[PDB]
Protein chains: 4
Amino acid sequence: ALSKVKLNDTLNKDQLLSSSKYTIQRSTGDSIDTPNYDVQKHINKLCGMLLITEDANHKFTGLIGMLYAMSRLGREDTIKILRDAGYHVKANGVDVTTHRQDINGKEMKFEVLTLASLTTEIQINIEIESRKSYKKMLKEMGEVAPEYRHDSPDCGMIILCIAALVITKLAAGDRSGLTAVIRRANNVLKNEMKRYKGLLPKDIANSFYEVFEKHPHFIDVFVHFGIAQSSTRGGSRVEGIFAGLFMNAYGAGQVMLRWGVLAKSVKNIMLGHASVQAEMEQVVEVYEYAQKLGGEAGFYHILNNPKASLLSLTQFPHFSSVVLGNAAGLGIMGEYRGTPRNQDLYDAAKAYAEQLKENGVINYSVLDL
Amino acid sequence: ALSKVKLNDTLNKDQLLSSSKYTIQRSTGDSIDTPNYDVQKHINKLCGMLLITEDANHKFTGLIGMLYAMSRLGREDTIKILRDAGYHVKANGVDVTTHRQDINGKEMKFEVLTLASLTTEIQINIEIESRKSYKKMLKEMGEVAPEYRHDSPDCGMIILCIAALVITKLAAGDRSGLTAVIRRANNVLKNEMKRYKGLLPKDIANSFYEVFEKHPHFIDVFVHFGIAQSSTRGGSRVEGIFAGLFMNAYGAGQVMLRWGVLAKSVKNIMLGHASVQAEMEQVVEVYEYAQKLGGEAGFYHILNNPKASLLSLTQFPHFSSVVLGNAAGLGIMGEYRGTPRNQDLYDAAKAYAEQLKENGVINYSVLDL
Amino acid sequence: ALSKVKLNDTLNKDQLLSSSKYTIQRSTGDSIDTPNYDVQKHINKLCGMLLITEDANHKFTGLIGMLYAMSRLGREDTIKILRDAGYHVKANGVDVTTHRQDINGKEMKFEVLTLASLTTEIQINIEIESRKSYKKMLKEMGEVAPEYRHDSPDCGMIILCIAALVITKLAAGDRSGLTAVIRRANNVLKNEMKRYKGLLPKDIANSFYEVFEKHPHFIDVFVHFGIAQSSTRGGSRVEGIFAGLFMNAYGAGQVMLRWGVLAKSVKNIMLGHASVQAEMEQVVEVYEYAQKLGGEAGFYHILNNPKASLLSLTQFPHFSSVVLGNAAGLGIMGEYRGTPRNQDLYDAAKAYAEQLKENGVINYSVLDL
Amino acid sequence: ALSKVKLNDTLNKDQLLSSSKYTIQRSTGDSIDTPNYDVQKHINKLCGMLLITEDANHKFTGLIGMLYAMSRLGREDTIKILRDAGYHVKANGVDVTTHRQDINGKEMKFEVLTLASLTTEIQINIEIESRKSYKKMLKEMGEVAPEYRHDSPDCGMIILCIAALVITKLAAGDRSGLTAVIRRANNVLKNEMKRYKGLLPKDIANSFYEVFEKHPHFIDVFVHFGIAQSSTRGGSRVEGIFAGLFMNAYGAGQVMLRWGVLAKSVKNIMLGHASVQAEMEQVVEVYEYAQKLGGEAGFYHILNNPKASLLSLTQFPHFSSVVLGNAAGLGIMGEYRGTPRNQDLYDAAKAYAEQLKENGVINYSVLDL
RNA sequence: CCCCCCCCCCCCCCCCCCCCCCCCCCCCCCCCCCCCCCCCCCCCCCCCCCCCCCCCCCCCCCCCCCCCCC
RNA sequence: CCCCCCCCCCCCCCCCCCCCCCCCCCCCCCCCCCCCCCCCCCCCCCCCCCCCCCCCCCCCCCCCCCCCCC
């Protein structure tokens, strides 16, 4: 029977990758600092001092946000995440200590952290800039409120909201989503961009881009922190904003699956073409694979999971071209920089999707009605 | 088959969030006072003294109501709630002690509580104001009744009724439901607003708004206290009022689901439009998700649960516009400040819902009858 | 039942027009000459003399061709045709006689016809021109053949072939099909355009246009002559050419019916639009009417039959626009000067018909396959 | 319903042509000789004298064969045929008479016919040539047999066999089938081409071509004579040869119908193409029309019947191209000078028909087997 | 990003039952005859036949993926 | 009372055909036998029986219809 001349390549590749009986273990290189719940207050203080500092220097904001996320997770869970990701990690204990230095010819008390990645001078200078900006702004408006201070419990979570936007745009492969990050961080968080002098979305976004590029394990740590944070029973409104912006990253890098479901929903006719119907077997194969994967598959491209390539639909040029055409016809493709590889099917689907709005729907009374 | 080109994104996101294998643990900052059953009588006395004090100062009423709720729960359950919500809490023991001070040049006996959040001066001044207001009102009417006193066992529960109204309106994101809270606290509790001189709904509502804004864990504590209180076998009539006002908050922030069920019930025709039928698959997805969640989902938006965004229907502009139009046509939309994002479907549904009252119903004898 | 809210207007109009119990009888004005079988040879001689005359004057060729057709029909059938068409006719007997005149100072014998419409001078001058052209061409090539002479039995039928082309293009309402007539008379009849010096398609076509414009009863006579000629058991090859060119006129003025059948055959999707399906009832009404009429309906527009307007499809703007779009997309519309009255449906159908050639066909596996 | 958007143009045209209520009547011009059964022996004698005359002059053989056919039919049936064909005929009586002339200075008795088309000198000279050729051949071989004489009763029927071959090739429109006529008259009738000195196929074929070109009514007369001859109960072997060669002309000019039936029989796949299936409705229309016509339709193109154009299949370019391709692939198209108007379908069908011989047949186990 | 409206609940009437009535009552041990069963003939098998025998390595192309908005 | 609007229609391209091909061809009479058919016994019926039988007139009331608008 010709019906059994078939090969389930996607499922077989998945079974090969999921049934490996040997494991690799990478070496991060530089030692990882693992803060615990103890220093969460101090890291939040540092984030607040960065936020209240106008004309601020955000060169180290990405690392400080990563430290805050790791302190929220806790040392045990951070270590367990790093092992489960397949890393050899030098767990570095983080504890708070005092440092005494004379600036302006006056003895001064600073409370800093033992971070191998972040030197004492940097934290001291962050405090100095924050203090003098606070002095100037207190002079210019008289009395402060808990709104204008580093002691707010959500100062770190605003920085992590910026990180969540960066994560949403990470799947583009470079810093091309920086403009989108800035635009969305101006739409969202506009009250904060009033309230905090140093909340500069572009600088923080660039810092997080840099830290994610240099340390790929921080992407894994941040994704699992975002999943753990989104699994809480509740929280403040800033944590709700972070959860909403983080789940905006679900399915990033897999827009074609959603647009294919959309093209099925609007019932585009060019799904009835000969070549599309030729590829439909493996297309349904891919969709069933995505469903069997389920929730974990939504962050494959952000995490650079090796099995991300199994979810691709560009390996079916005709179906992909029809899907892109339908997306462009419905007016939702935007600046999507993926290009069709069957221009004719793309144009036909685009035209039909455009007439799907002036000419509402097409019946199929043809053929017996 | 084109029927298997589908993705269950809502369910996959829920499974991802519910199957997390790492947890975060937040730090509240300031220490939490955890009163036990021992001081419930004293906290109720404090609430009664606040209530019988005319021209009262309600700056601290929200914290005192929170303390009363936590004392009703007990220290064990309050601590367990705070852990289950994912908080690091400094459990502060609350016990009663005496303080002696000379006011009016006379030695005076006061019995106060060891609360870190509430200083002794504040409790002393509350007692002073209550005592002199009691003296003045006793002078002006001769003899008091158990109706006019702080020893009533429901004085704290009236304050918690005001808190329940504030909770009902918390999902609006700000203090825009203050007018509704005042109106409902005048409709309900009018006998009390006679009986208690200091029962000022606006001041207590503002105090509870402030305490819920500053301490997001108090929202969790109060919601679980309200659920535990509503699980009792019975109580007084004020506790019944509190239970009725608290379950008025169930489903807050999710009005569109109820209005969609309503639009299905009145059988609005614009549910048969092309785009609405395109979105119906994911709409049924969302409704099945809400049902699988069940009872716990009714307080997701009040608690700022991260999975609250999964219940949204505004991600389907056509269905949402039809639902808003049907609600506006039936005359129940009120001042709902959500706006349609398909004006045409909104207007069509509104018009049909309006003719659903003069022109009772429409048969579908068209097509074969 | 809403299914019986229907009116069969086309069929009712046809029954009203076909069941009239009173008749009109028009008056042609000028007397009609009715030649019989006797003078068929002489009229064919006259046509041959016109054909062999180079640089000829074809002012009277249309009338002579009409006389030849009427002589082929016979006087009885010509009279019966004129009565059945509803005309009052002065039947004029045509017989041959001799006329003697002196040209070049020499007595000369001419044999002419008693035609009221055609004077003796005209026939004499036709003979003179033919004779001297024959003399010149005999001088220039030495000896003639039966190919180069007026005695050929098909000289009149060539002129009637030109008349048949003019009839094919008569439905345009004016002399706009003259170029098409000339082009087709050059493609066909090229051997004759060699063989006959005076076979000028444009002059003969203009003469036939003039005679059909002045005498509308000659259109009826010629159409019924063409039907009678095409009902013969056989004939020469020129008669076969005439029959082929005459049946090319069948269905002239009713191209939209054929193009609608074509759009049904290529299964254009825009036949499934809402408005097209609204009009489909009356469209099927018109097609059933055309079929009930049958063969006689193919010459309604040429004859200016009053019931020609009942076969129109432009009374359904959406279906007509779809049909024109399908015709233009398939590349067969040419210079058809009818214009769509629904531009959107026209463009949509044109686009789909164009993709019907690169993208062969579209299956309807959508909806359950 | 879209299924009733249809027009039966072929059948409607046939009904229009078959239901004409007026008739034309052509004039042959020159008078028709109508021999009766009386002079059949003399006309057969003339044909035999032409046949036994070596190096003969066949300028008049076509007319003599026509006279023999008309004498076999009889005067009554010849006249009735000419009327039924729609001709005005001057019936000329043919009778035998004697003419006396002195050749070689000697009185000589000749018995000739009163034929207006054939002068006495021609018959006399035919007899002279036959007599002297007979004398020379009798001298050269001594004694004659009934094989070598003009008195054989089939001498006229051999000439009519040559006429039958010419009729088979008449549908080509010119004298392009002359080579085929000569080849078939050499294959058949080779014993006669031994036996008769003047049986020159090319000269007789040219004479019959000429007479059929000049007198189109002789084609009708000969076709009906051949039908009447083929309706006899029996005859000689030469009459059987004539019947076989005459029914070889049945269906001449309609090869595409037979080749389409053939392409259906060999089950060519390109009959499943989209455009072919578009045209299949009108193709089946044409085939049903041909079957309804039946036997009379086999001589439409030979007789130049006006309804011959209704049997054409070239009005369906795709089906015609597939049919020509299948014919060329099977190796039976020969020098058929009709050309495809869809080269692609022609080539595809030709290729499949070629692989129909090395690769016997193709099953359709594809799709469920 | 999400969200945004309105809304305490309840309210009536109401005991139920009520009579009459013990049940049973007759007749009737069961069985009973005749009959042992079996009975013949018959070892089974018997031939022919080892099996195998050809041809044949397989492979060979192209291809990172992603990119929108929220 | 009813009615009340708008609206001529048409418009393109296109003669058709074209090849090959006589048919047939062998063998063959059929039949063949046997056979008359029938054959017996037998009349049928047979009794009893007239049928019917009573009671019974039927009916009984009320009630014109209609009414608007168009």
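Letters A, B, ... are given to chains in the order of the sequence lines, protein chains preceding strands, and every chain is numbered from 1.
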Mind calculating the distance between [atom1] ([X]) and [atom2] ([N]) to the nearest angstrom?
X         : N      : atom1 : atom2 : result
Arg184(B) : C7(E)  : CZ    : P     : 6 Å
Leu165(B) : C8(E)  : CG    : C1'   : 9 Å
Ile302(D) : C18(F) : CD1   : P     : 11 Å
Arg341(B) : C70(E) : CZ    : P     : 12 Å
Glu335(B) : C7(E)  : CD    : P     : 10 Å
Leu313(D) : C19(F) : CG    : P     : 17 Å
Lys190(D) : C23(F) : NZ    : P     : 12 Å
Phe316(C) : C9(F)  : CZ    : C1'   : 14 Å

Student check: side-chain heavy atoms of [X] and [Y] closer than 4.5 Å:
X         : Y         : result
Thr168(C) : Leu245(C) : no
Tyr300(C) : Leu310(C) : no
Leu313(C) : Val323(C) : no
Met256(D) : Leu324(D) : yes
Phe246(C) : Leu160(C) : no

Query raised in the report: Taking for each residue the nucleotide of RNA chain F with the nearest heavy atom, is it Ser176(D) or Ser309(D) whose nucleotide lies nearer the 5' end?
Result: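 By nearest-heavy-atom nucleotide position, the 5'-most residue is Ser309(D).
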Query raised in the report: If you pin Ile332(C) and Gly244(C) to their nearest nucleotides in RNA chain F, which one's is more 5'?
Result: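 Mapping each residue to its closest nucleotide by heavy atoms, the 5'-most match is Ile332(C).
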For [X], report the nucleic acid contact type (base, sugar-phosphate, nothing); a contact means any heavy atom under 4.0 Å.
X         : value
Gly334(B) : sugar-phosphate
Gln254(A) : sugar-phosphate
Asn304(A) : nothing
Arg183(B) : sugar-phosphate
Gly173(A) : nothing
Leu311(D) : nothing
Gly253(A) : sugar-phosphate
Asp174(A) : nothing
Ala308(A) : nothing

[N] OP1/OP2 closer than 4.0 Å to side-chain N/O of [X]:
X         : N      : answer
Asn248(A) : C69(E) : no
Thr314(A) : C66(E) : yes
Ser312(D) : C15(F) : no
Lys169(D) : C20(F) : yes

Requested in this report: Please confirm whether neighbouring nucleotides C53(E) and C54(E) meet the stacking test: six-membered ring centres under 5.5 angstrom apart, planes under 30 degrees.
Outcome: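 Stacking does not hold for this pair.
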Query raised in the report: How far apart are the closest heavy atoms of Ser176(B) and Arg337(B), and which atoms are they?
Result: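 For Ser176(B) versus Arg337(B), the nearest heavy atoms are OG-NH2, 4.2 Å.
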Query - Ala249(D) to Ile167(D) - nearest heavy-atom pair and separation - result: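 Scanning both residues completely, I find the closest heavy atoms to be CB-CG2, 3.9 Å.
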Report task. Specify the residue among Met256(B) and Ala249(B) whose closest nucleotide of RNA chain E lies further upstream toward the 5′ end. Result ->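 Counting from the 5' end, the first nearest nucleotide belongs to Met256(B).
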Requested in this report: Just read off the sign of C1'-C2'-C3'-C4' for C4(E) and name the pucker, north if positive, south if negative.
Outcome: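 Since its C1'-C2'-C3'-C4' torsion is negative, the sugar of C4(E) is on the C2'-endo, or south, side.
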Listed nucleotide nearest any side-chain atom of [X], set [options]:
X         : options                : value
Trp259(D) : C19(F), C18(F), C12(F) : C19(F)
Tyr336(A) : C4(E), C68(E), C16(F)  : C68(E)
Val188(B) : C11(F), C1(E), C8(E)   : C8(E)
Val255(D) : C1(E), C66(E), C19(F)  : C19(F)
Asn187(B) : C20(F), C70(E), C8(E)  : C8(E)
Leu245(D) : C22(F), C15(F), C9(F)  : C22(F)

